[PDB]
Amino acid sequence: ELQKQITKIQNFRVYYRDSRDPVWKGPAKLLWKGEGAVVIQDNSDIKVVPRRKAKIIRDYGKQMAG
Amino acid sequence: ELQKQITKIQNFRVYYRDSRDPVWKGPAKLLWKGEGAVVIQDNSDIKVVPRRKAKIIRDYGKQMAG
Amino acid sequence: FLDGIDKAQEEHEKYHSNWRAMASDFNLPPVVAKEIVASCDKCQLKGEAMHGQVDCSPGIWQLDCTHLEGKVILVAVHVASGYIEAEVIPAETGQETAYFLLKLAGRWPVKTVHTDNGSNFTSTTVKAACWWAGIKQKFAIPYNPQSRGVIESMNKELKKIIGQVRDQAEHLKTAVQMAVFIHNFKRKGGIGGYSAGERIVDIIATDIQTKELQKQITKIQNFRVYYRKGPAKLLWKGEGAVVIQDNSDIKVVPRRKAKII
Amino acid sequence: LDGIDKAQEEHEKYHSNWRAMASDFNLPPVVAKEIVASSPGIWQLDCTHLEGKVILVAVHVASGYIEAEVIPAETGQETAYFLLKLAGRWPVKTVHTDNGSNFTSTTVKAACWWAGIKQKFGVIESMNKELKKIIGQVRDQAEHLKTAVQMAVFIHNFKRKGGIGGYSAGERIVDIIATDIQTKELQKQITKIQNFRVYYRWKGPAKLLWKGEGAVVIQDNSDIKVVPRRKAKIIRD
Amino acid sequence: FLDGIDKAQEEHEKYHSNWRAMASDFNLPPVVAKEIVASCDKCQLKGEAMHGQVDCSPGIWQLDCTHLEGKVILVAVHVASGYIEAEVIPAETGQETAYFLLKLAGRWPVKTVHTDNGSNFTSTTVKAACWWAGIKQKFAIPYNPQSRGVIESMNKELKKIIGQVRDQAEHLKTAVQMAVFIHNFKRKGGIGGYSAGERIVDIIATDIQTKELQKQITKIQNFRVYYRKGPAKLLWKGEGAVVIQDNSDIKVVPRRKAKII
Amino acid sequence: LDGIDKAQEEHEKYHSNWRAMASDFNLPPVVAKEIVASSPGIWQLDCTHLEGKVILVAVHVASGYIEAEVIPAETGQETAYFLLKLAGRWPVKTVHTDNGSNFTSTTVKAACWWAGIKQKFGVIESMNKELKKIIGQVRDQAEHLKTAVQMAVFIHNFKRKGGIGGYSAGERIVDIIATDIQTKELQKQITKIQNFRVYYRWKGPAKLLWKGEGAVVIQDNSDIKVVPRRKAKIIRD
Amino acid sequence: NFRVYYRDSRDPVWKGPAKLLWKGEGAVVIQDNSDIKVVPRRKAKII
Amino acid sequence: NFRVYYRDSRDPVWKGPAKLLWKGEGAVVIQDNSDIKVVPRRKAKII
DNA sequence: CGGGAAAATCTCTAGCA
DNA sequence: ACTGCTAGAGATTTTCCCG
DNA sequence: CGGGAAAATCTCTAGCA
DNA sequence: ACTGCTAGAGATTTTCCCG
Ligand SMILES: C[C@@H]1CCO[C@H]2Cn3cc(C(=O)NCc4ccc(F)cc4F)c(=O)c(O)c3C(=O)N12
Ligand SMILES: C[C@@H]1CCO[C@H]2Cn3cc(C(=O)NCc4ccc(F)cc4F)c(=O)c(O)c3C(=O)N12
Ligand SMILES: [Mg+2]
Ligand SMILES: [Mg+2]
Ligand SMILES: [Mg+2]
Ligand SMILES: [Mg+2]
Ligand SMILES: [Zn+2]
Ligand SMILES: [Zn+2]
């Protein structure tokens, strides 16, 4: 049910940048996806990233690797 | 005598760069000045720097400040 | 510093010495010397040393024209993935651009296009094409190519590949399509080690899937959260922190001093 | 790791595939592929005619997604260029043509050789009918037939929701290609691991299935046995 | 990988896929995929991402010409200090350059000049001027301005100052000399917070003083040092390390396993 | 810190200056300046004549270092441009001219006002004689008199070693200007510190001389007393 | 308020002072003599 | 030995392979078809 | 030992054309 | 065998001042 | 726990014209 | 109210493999 859905959302990865660092910050965990912002979880930490700074993939290689 | 001369040499400062870092490394201590190289002493450490990478000043502001 | 300040402004009107030279030569604290510099219109000659960041939402495409061997190559890139669409067009005109764009909108989901201010892109016919397809147009600041940085870099990459495979074709149009193939499917890197084709598939598939998933979650998970305020809708809870939305302002407040109803 | 037996029992009862067995019971997909083990690149081409012009139409058969455009003439070169464009835009493994002169020329064949497309000489007809219907609905919103053709392609790919899950052809083709990428990645993982030989506790040669961070899954005598990493010695044969 | 290697070279001849795409699509270790890339002449299109470092010895001067309002400004910079010498010259000719250079050699110690390959600098008359003054000429790699980076940056700085003080003069020659004044004495920064004039004075004074000092030290301090070898002349000793010179090779060996005689 | 009394005794015996007292006895130079306390920017200009041309010659009087060149004509503008060049190349505080028309023009005065040079209307003559002697020695190595003038300037500044320490005019001028920079820096330090007032152990107002890292030097009742930093309270008056 | 000095639109000469209307990341909107301009922050200085 | 590929002297086309003769910091000396060239290391690739 | 405020240091950009 | 740099704007980190 | 070797990551450049 | 980026070459750091 709702737990399965939430874990599914949490399988997706988020690459993101901060407002002054041009390096794309490595794969984080997707907690919530909105119209204007996504809420991620990067190394025991909950950031709010705007949508225009966020690349959300599933990464099929890692999904198939388990 | 020789001790006074050596301390005098050691009053001079050396700005220098390493072969792959473009930042000029901060004020070091001049131990020896040769034709092809100068021997410096930067933070309890003895490096040999080529002359073309070494700016040697006395820095009159600091000399006057003591 | 009253005496020193008057001498330093007199001297700055002639020489425009920087703040250090004034602070040194007239006994002034750095803040006063810097103020004398900052009051001179003639010394405001340098911008702040940063770079902005272009929009990378799933629906943004950056368009540009480029030129090779006398022909005009119209290039689009999907910003999120690096996936390119390019065609040799007969001229740099709004008619060919509107056609390229309407094709692109029929091929992939396009929400926004981002171009420089070339006449082909600001044409009324391109505007009518965007209005029919539902595409929002965004025009960069004039003469700031850094704003189109993604597509300009894709220009460089596409020309490099065309130069690698030019001898395998006759007409430039064929070599361009070959290079588009090579970029989209035969070069892997970036975030998920993907090719651009794989990556765009993943980006768009993820967009659709997450949209549906969160639709179902919000449809099920309905609660209200108080913290410190009012009935702030709940987004996510877990690991000692709660994510909530109070008047379109998403804030992460810890579990303590936050109750869910 | 512990739900492997549950997965085997589920496959014996219901014959579920590896996707459900790996998503419900939490298994590295190579494990589910072993349990179960113990199109997306096919396009249909065809030229069609309208207002005296030729409309070359490509159909991804698995999704119903269309790539159509007006070409100047029905020659080999035009078809081959359309094919290079299609292949550079999508994963194209196989094309289904109708023995027409353009579809058999030396240039189209050379382009399929360059792109690595296989050529093999009903859905195309019905899709052409749908395309001509939309082209008729929107011919008045445009002056040239090429613009109307692209408008119709847009309407068909993103504005016509049908099928079971109420999706457009674009959503469907994206889903199908994503599935195919998953398939290719799983096959690469299997091909990687299939060259290893394992010896555990020391028993006979066993087949490696996964080298997790806390366990090692193998398969001996058609039996999937989980063992620690220190208790097993992986080699390469 | 015998089967995989043959398929990957066949595919690379068509597409020129990078090493990752091959490693992924044909089961190859990264080293073999990278070798296939590194064997293709057609894929060698990028240099190593570094920058060299220009010579900054006390005697090096970097010369260049620059252009403003239709006139030719000949600019020299002392590399160690940032001190500039600039004059408006009537044309970009070897005769005016030789004259500027001979003046400079009479004003300051010049050992080496470093220029691009403009015709004024490679002229025979400039060569005769350098030979009379004892100046060694060094010519950068053609069309590599980064080699003249110091003087090119000084061009930018001098033009910026000229633009700040242009309205205080009539002829460009006067504004150029004003800007040279402003750069040499009214702008402080760099290593010792100096101006360029102060800094060049310090650099040259230090050169002379250290030369004499070490002359006297080596004249007094005469010893021989063995370590591990032969009679290596002694340079400096102290703080548990000894500095020595064994066959023109200066090495810092610790006090242990090093004896002075 | 402990050699301050030694410095006072040395100044009483020998009247040494602050340089020796600060280098031999190790004192922040403001301390030695207090003990002792209890030209380098002057240039001579003059136009000279040769082969019908005018040679404008500047002499740094303290060192004997020459800046000479052929000018087209003896006008104010030419002299003023020579002066702007000289001032942008060296620290020029004062120029000593000979009331000639060029040396008194409104343009030369405006240039000295812009550069911050003071104008005041034997060494110049002797130096001109030396310059003409070298110009004669090297007139044959050149075609134009301007090249020979610059050759002679080079020979005079770097190839003629004389004086006590066997130096050239260039070495001398560099030494003198370095000394002057030291002087300016010491004066800036003194001006900085002269605005502070100190109270130590709490005694009366004392004058600050140095705020070292381990001690604080002050001067009370014409007596230089060293105290710790915690034992004193610096303020600003 | 704020003084804005800027270099716009290929003219390498720096203009201003202008009034700041909006400050984003990467760009500002300035008001210089009734003209609204949009300038990258690389090409402006806000005082 | 070494293969050297280089871009020289304003020609944006990459040439080579050439033989490496000398390797400094910042530059190399190559030998391409009897021609000695001097190239910045930003503009070469040594294999 | 503690913050605050000021200095020092570090990061990063355009223009040199 | 030769070689990017310089100075300023803003951010971040270290140092000094009085408790 | 220890090195070695291989992978991953980080740093940094030109060209986009 | 908008905004540098991308991919490759080489260097450095982390991870995995068998003892
Ligand atoms: C007439 C249209 C509209 C108005 O402006 C002009 C001129 N222009 C100039 C460049 C250019 O200078 N590229 C080099 C570059 C420099 C920095 C960077 F970050 C990215 C870069 F690509 C273009 O690429 C380009 O497309 C145009 C163009 O189209 N137009
Ligand atoms: C005919 C002579 C000899 C042969 O080459 C040409 C052409 N050239 C071109 C530039 C130039 O492109 N500057 C921009 C730049 C770019 C990068 C960088 F690191 C430094 C920079 F200054 C010059 O400055 C220059 O003096 C010349 C010149 O003199 N010549
Ligand atoms: Mg453009
Ligand atoms: Mg462009
Ligand atoms: Mg030049
Ligand atoms: Mg130049
Ligand atoms: Zn100013
Ligand atoms: Zn290749």
Side-chain angles (χ1 to χ4, degrees), chain A residues 20 22-23 26 52, chain B residues 20 22-23 26 52, chain C residues 18-19 29-31 37 45-55 64 66-67 79 82 138 140-141 144-160 187 189-190, chain D residues 233-234, chain E residues 18-19 29-31 37 45-55 64 66-67 79 82 138 140-141 144-160 187 189-190, chain F residues 233-234, chain G residues 7 12 21-22 24-29 36 38-43 45, chain H residues 7 12 21-22 24-29 36 38-43 45:
Chain A
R20 276 280 266 240
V23 86
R52 70 192 190 270
Chain B
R20 276 280 266 240
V23 86
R52 70 192 190 270
Chain C
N18 49 12
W19 76 259
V31 58
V37 183
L45 300 163
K46 206 206 196 270
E48 52 167 317
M50 56 79 105
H51 269 107
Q53 295 175 337
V54 309
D55 188 343
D64 193 29
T66 204
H67 299 84
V79 174
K138 307 288 277 181
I141 296 167
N144 197 64
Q146 291 82 351
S147 315
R148 305 106 39 180
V150 178
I151 186 57
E152 300 298 343
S153 188
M154 282 327 173
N155 290 158
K156 184 254 289 143
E157 187 61 63
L158 186 66
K159 274 155 120 134
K160 188 194 270 273
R187 300 281 172 86
Chain D
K233 184 171 182 177
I234 309 171
Chain E
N18 49 12
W19 76 259
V31 58
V37 183
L45 300 163
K46 206 206 196 270
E48 52 167 317
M50 56 79 105
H51 269 107
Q53 295 175 337
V54 309
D55 188 343
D64 193 29
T66 204
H67 299 84
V79 174
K138 308 288 277 181
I141 296 167
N144 197 64
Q146 291 82 351
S147 315
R148 305 106 38 180
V150 178
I151 186 57
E152 300 298 343
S153 188
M154 282 327 173
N155 289 158
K156 184 254 289 143
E157 187 61 63
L158 186 66
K159 274 155 120 134
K160 188 194 270 273
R187 300 281 172 86
Chain F
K233 184 171 182 177
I234 309 171
Chain G
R7 157 179 72 95
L21 299 176
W22 171 88
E25 49 153 338
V28 297
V29 173
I36 282 62
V38 181
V39 175
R41 282 172 62 175
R42 261 165 328 108
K43 299 184 195 169
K45 182 183 186 182
Chain H
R7 157 179 72 95
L21 299 176
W22 171 88
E25 49 153 338
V28 297
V29 173
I36 282 62
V38 181
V39 175
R41 281 172 62 175
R42 261 165 328 108
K43 299 184 195 169
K45 182 183 187 182

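Here is how names work: the chains are called A, B, and so on, in the same order as the sequence lines, proteins then strands, and each is numbered from 1.
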| query | Out of curiosity, B/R20 CZ to E/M50 CE, how far, rounded to the nearest 0.5 Å? | reply | 5.0 Å
| Separation between NZ of H/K45 and CZ of H/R7, rounded to the nearest 0.5 Å | 14.5 Å
Rounded to the nearest Å, what distance is computed from the [atom1] atom of residue [X] to the [atom2] atom of nucleotide [N]?
| X | N | atom1 | atom2 | answer |
| --- | --- | --- | --- | --- |
| G/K45 | I/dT13 | NZ | P | 17 Å |
| C/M50 | L/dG4 | CE | P | 7 Å |
| E/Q146 | J/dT3 | CD | P | 10 Å |
| C/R148 | K/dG15 | CZ | P | 19 Å |
| E/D55 | J/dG4 | CG | P | 13 Å |
| H/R41 | L/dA11 | CZ | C1' | 12 Å |
| C/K138 | L/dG4 | NZ | P | 15 Å |
| C/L158 | K/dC16 | CG | P | 12 Å |

Determine whether a donor-acceptor pair (one donor, one acceptor, N or O, separation below 3.5 Å) exists between the side chain of [X] and the base of [N].
| X | N | result |
| --- | --- | --- |
| E/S153 | I/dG15 | yes |
| A/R52 | L/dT3 | yes |
| C/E157 | L/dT6 | no |

Would you say [X] places a side-chain N or O within less than 4.0 Å of OP1 or OP2 belonging to [N]?
| X | N | answer |
| --- | --- | --- |
| C/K156 | L/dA7 | no |
| C/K160 | L/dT6 | no |
| D/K233 | L/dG19 | yes |
| E/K46 | K/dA14 | no |
| G/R7 | I/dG15 | yes |
| G/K43 | I/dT13 | no |
| E/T66 | I/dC16 | no |
| E/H51 | K/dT13 | yes |
| E/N144 | J/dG4 | yes |

[atom1] gap between [N] and [M], integer Å:
| N | M | atom1 | answer |
| --- | --- | --- | --- |
| I/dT9 | L/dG10 | P | 35 Å |
| K/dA6 | I/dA17 | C1' | 46 Å |
| J/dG4 | K/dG15 | P | 13 Å |
| I/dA14 | L/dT3 | P | 15 Å |

[X], nearest nucleotide to its side chain (from [options]):
| X | options | result |
| --- | --- | --- |
| H/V29 | I/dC12, J/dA1, J/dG10 | J/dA1 |
| E/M154 | J/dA7, L/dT6, I/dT13 | J/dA7 |
| E/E152 | L/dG10, L/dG4, J/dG4 | J/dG4 |
| C/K159 | K/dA17, L/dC5, J/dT6 | K/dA17 |

| note | With sequence neighbours left out, the residues meeting side-chain hydrogen bond (donor to acceptor under 3.5 Å, both in side chains) with G/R42 are C/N144
Would you classify [X] as touching base, sugar-phosphate or nothing, given that sugar-phosphate means primed atoms plus P, OP1 and OP2, and contacts are heavy atoms under 4.0 Å?
| X | answer |
| --- | --- |
| H/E25 | base |
| C/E48 | sugar-phosphate |
| E/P145 | nothing |

| note | Expect the sugar of L/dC18, by the sign of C1'-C2'-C3'-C4' with positive north and negative south, to be south
| said: For B/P22 and H/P12, find the nucleotide of DNA chain K closest to each by heavy atoms; which residue's nucleotide sits nearer the 5' end? | reply: B/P22
| task | Would you mind telling me which residue lines up with the more 5' stretch of DNA chain K, B/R20 or C/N155, judged by nearest nucleotide? | result | B/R20
Check [X] against [Y] and note the closest heavy-atom contact, atom names and distance.
| X | Y | result |
| --- | --- | --- |
| E/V54 | E/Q146 | CG1-O, 4.2 Å |
| H/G24 | H/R41 | O-NH1, 2.9 Å |
| E/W19 | E/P30 | CZ3-CB, 3.6 Å |
| G/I36 | G/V29 | CG2-CG1, 3.7 Å |
| C/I151 | C/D64 | CG1-CB, 3.6 Å |
| C/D55 | C/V79 | O-CG1, 3.3 Å |

| Toward the 5' end of DNA chain L, which comes first, G/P40 or E/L45, by nearest nucleotide? | G/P40
| message | Please compare G/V38 and C/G189 by the position of their nearest nucleotide in DNA chain L and report the one closer to 5'. | response | G/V38
| task | Give the stems involving DNA chain I, where a stem is 3 or more consecutive Watson-Crick or G-U wobble pairs (i with j, i+1 with j-1, and so on) under 3.5 Å. | result | I:1-16 with J:4-19
| message | Can you confirm whether E/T66 sits close enough to E/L158 that some side-chain heavy atom of one is under 4.5 Å from a side-chain heavy atom of the other? | response | no
